[PDB]
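K.L.:
Give the three-dimensional model of this entry:
(2 chains, ligands or ions: 26)
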There are 2 protein chains.
Amino acid sequence: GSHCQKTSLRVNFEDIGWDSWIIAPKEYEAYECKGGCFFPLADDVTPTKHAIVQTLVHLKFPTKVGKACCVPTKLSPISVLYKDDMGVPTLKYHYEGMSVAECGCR
Amino acid sequence: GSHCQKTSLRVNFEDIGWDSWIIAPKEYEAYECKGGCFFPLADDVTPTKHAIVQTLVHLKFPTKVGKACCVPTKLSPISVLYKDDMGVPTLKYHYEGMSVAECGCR
Ligand SMILES: [Cl-]
Ligand SMILES: [Cl-]
Ligand SMILES: [Cl-]
Ligand SMILES: [Cl-]
Ligand SMILES: [Cl-]
Ligand SMILES: [Cl-]
Ligand SMILES: [Cl-]
Ligand SMILES: [Cl-]
Ligand SMILES: [Cl-]
Ligand SMILES: [Cl-]
Ligand SMILES: [Cl-]
Ligand SMILES: [Cl-]
Ligand SMILES: [Cl-]
Ligand SMILES: [Cl-]
Ligand SMILES: [Cl-]
Ligand SMILES: [Cl-]
Ligand SMILES: [Cl-]
Ligand SMILES: [Cl-]
Ligand SMILES: [Cl-]
Ligand SMILES: [Cl-]
Ligand code: NA
Ligand code: NA
Ligand code: NA
Ligand code: NA
Ligand code: NA
Ligand code: NA
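P.N.:
Numbering: from 1, shown residues only, chains lettered A, B, ... in the order given. Ligands and ions are numbered 1, 2, ... in the order given. Dropping the coordinates below:
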């Protein structure tokens, strides 16, 4: 059963070019939503009626319409130590939208 | 600029096998979110920080991590005339989550 779930994704801030303004941490766990949104669906997929309808339409017209996507439905914040406009290391205690909390078909 | 926007998708309830319980309408406009989530991004894409971070990581490791997805971020309801458990045509005035209102990279 390769369905929509949260899997591991470690993100190094230097690789994405954010080390120019983020001092710490060097890496953090962002996770990622991976998996198919096809039927039969599952309980924790938590689909919208539109993703269900869209998946059905994709099944009958695969070349015209795409299928639903496994995306983050809830995000959690992290804390980062960034450079202030005057070079002062300032802590952003709740940097929102950085880590995946829940996944779902949308 | 092939970016994340709302495009047309007409859904026939008979094709998706929902005509067994939905009397009317035969078809309705559900729309769909289509388009790339790559950079440079746009204003109405309205990305989360995780979709931005994920797209960056995808750019540097295309085979390990997938990119962000263009998905519905807000849904609108429709009205359907369905069969009651005793065969009575009943109107569901607000059948939620059926039509796309806004799109975005998630
Ligand atoms: Cl299965
Ligand atoms: Cl199902
Ligand atoms: Cl829904
Ligand atoms: Cl939902
Ligand atoms: Cl297919
Ligand atoms: Cl397509
Ligand atoms: Cl979100
Ligand atoms: Cl706290
Ligand atoms: Cl904060
Ligand atoms: Cl923030
Ligand atoms: Cl462009
Ligand atoms: Cl951008
Ligand atoms: Cl965000
Ligand atoms: Cl947002
Ligand atoms: Cl690519
Ligand atoms: Cl992949
Ligand atoms: Cl939604
Ligand atoms: Cl009304
Ligand atoms: Cl209602
Ligand atoms: Cl409803
Ligand atoms: Na087709
Ligand atoms: Na997907
Ligand atoms: Na999200
Ligand atoms: Na790679
Ligand atoms: Na997409
Ligand atoms: Na949605």
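
K.L.:
Contacts only, for the residue lying closest to residue A:5 once chain neighbours are set aside.
P.N.:
The shortest distance from residue A:5 to any residue that is not its chain neighbour, by CB to CB, 6 or more residues apart in numbering or on different chains, is 5.4 Å, and that residue is residue A:35. C-beta here means a position set from N, CA and C on the backbone, and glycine is covered the same way. Contacts were defined as CB atoms under 8 Å, 6 or more residues apart in numbering or on different chains; by that measure residue A:35 touches A:2-5, A:70, A:103.

K.L.:
contacting residues around stretch A:87-102?
P.N.:
Counting by CB under 8 Å, 6+ apart, the neighbours of stretch A:87-102 from elsewhere in the structure are A:6, A:23, A:28-33, A:46, A:72-84, B:48-50, B:53.

K.L.:
Cross those residues against helices and list the overlap.
P.N.:
Secondary structure assignment by DSSP state H places B:49-50, B:53 of these in helices.

K.L.:
For those, which entry has the maximal number of neighbours?
P.N.:
Neighbour counts for those, by other CB atoms under 10 Å in any protein chain shown, peak at residue B:50, which reaches 27 neighbours.

K.L.:
Residue numbers of chain A in contact with ligand 21?
P.N.:
Where chain A comes near ligand 21, counting by CB under 5 Å from the ion, the residues are A:61, A:63.

K.L.:
circling back: just the buried residues out of the contacts of stretch A:87-102, in ChimeraX syntax.
P.N.:
The command below creates a ChimeraX selection of those among these that count as buried (16 or more other CB atoms under 10 Å in any protein chain shown):
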select /A:6,28,30,31,32,33,46,72,73,75,76,78,80 /B:48,49,50,53
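
K.L.:
quick one: which of the contacts of stretch A:87-102 sit in strands?
P.N.:
With strands defined by DSSP state E, the entries of those inside them are A:6, A:23, A:28-29, A:32-33, A:72-83.

K.L.:
check the residues you listed against ligand 23, which are close?
P.N.:
Of the entries in the ones in strands among the contacts of stretch A:87-102, the ones placed beside ligand 23 under the rule of CB under 5 Å from the ion are residue A:72.

K.L.:
For the residue positioned nearest the centre of chain A, give the beta-bridge partners.
P.N.:
With distances taken as CA atoms, centre = their mean, residue A:72 lies nearest the centre of chain A, 4.2 Å away. The residues listed as beta-bridge partners of residue A:72 by DSSP bridges are residue A:103.

K.L.:
wouldn't it be in contact with residue A:30 here?
P.N.:
No. Under the criterion of CB atoms under 8 Å, residue A:72 makes no contact with residue A:30, lying 9.6 Å away.

K.L.:
who touches both of the two?
P.N.:
Among the neighbours of residue A:72, those also in contact with residue A:30 (CB under 8 Å, 6+ apart) are A:100, B:50.

K.L.:
Am I right that residue A:57 is in a helix?
P.N.:
Yes. When the secondary structure is assigned by DSSP: H, G, I helix; E, B strand; the rest coil, residue A:57 falls within a helix.
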